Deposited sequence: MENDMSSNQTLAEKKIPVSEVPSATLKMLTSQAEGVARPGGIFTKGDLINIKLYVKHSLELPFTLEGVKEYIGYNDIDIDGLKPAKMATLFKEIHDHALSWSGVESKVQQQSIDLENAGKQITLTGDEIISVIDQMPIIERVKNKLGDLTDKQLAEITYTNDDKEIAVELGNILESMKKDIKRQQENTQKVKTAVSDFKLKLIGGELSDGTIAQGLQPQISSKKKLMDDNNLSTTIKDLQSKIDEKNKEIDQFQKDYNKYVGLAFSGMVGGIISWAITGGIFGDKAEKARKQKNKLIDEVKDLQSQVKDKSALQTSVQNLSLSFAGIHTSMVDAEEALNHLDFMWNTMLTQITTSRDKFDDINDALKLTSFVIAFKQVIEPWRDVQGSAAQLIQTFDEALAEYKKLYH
């Protein structure tokens, strides 16, 4: 399928790296490297809120993955059931002569079993009569459409919380990735280095004055020399503080670049997985809508044509479900290795 093992690997790597991040105020303050900053966007409270949101998203991924795997198994089983039963029914109806195929209608077969053909629904209930089989299959297809829709909603909500958009409940959610980008831009466009350079230039001029005074005198100049010494001491303490803060901000920018890279890699994978589940949901909806065209008054030839149209998408559905199962097994084994 279009969703590869590398895609799931990228998603799981993003989840792991996001779980390695701290989510408490003290842990956030230790990670960012400061307890306070003059920049309101980089305040520790906002950073802690963003980290906590990322942490909750990473926690939600496990439930999303489980839902995807469980519904893929269910779709493979339901597709095998529907395909095999429908093929048996179609072959049995095709074996009878053309004259009965044209004169008889579907209703002439609904009240009796079609040559020991049986169908078991999602509630483990068995149906033997053809009409009961068709109604049970219709209900199963509707329920599988609902379940596939729920899984697609889960995957879409995960991806939208990552990149941004309107969630399933109508809530407008700003993506965690653009928020990471905004914070990184705040880290990269500030005047910390400017203040550092200005203070350092003042200190260098005063140090040149101190050097010249020391070289030249050894009374009024002595007091000026000591005044310059005290001024240099104060400005140097300020420079040390601001230099530590600026180094922390620069390193945090690097860390946020890494977070952004991981989020970007996960985004493509989520796009692929969402597309695959949407394709399967569309095929199931096509099957349900075609089943809506079945009635007892139809001739056996028309019924065979319509029922072929009904059960055709389930072949692709079960193929895609088996592909998802295989890719998940391979990717999880490779991640455990």
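- Positions of the deposited sequence absent from the coordinates, in order: 1-40, 259-286, 406-408.
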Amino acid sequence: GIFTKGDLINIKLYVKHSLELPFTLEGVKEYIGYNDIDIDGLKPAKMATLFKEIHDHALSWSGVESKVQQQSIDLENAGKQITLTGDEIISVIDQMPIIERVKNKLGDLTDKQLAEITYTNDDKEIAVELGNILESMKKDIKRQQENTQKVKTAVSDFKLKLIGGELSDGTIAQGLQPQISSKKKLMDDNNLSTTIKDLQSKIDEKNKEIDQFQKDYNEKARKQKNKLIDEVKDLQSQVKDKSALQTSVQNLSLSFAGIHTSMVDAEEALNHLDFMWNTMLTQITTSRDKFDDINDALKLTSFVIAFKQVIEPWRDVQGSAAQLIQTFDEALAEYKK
From here on, numbers count along this sequence of modelled residues.
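- The PDB entry reports B-factors from which the mean C-alpha value can be compared for 108-116 and 81-89; the larger average falls on 108-116.
- For the segment pair 294-302 and 57-65, the entry gives 294-302 the higher mean B-factor, averaged over Cα atoms.
- Of the candidates 188, 234, 125, 140, it is 234 whose Cα B-factor is highest according to the PDB record.
- Residue-level inspection of the entry shows that, of 149, 212, 253, 262, 212 has the top Cα B-factor.
- In this PDB entry, the Cα temperature factor of residue 28 sits in the top third of its chain's modelled residues, the highest group.
- For residue 268, the recorded CA temperature factor ranks within the middle third of the chain's modelled residues.
- Residue-level temperature factors show residue 129 in the middle third of its chain, judged at the C-alpha atom.
- The PDB entry assigns residue 166 a C-alpha temperature factor belonging to the middle third of its chain's modelled residues.
- Annotation for residue 75: C-alpha temperature factor in the lowest third relative to the rest of the modelled chain, per the entry.
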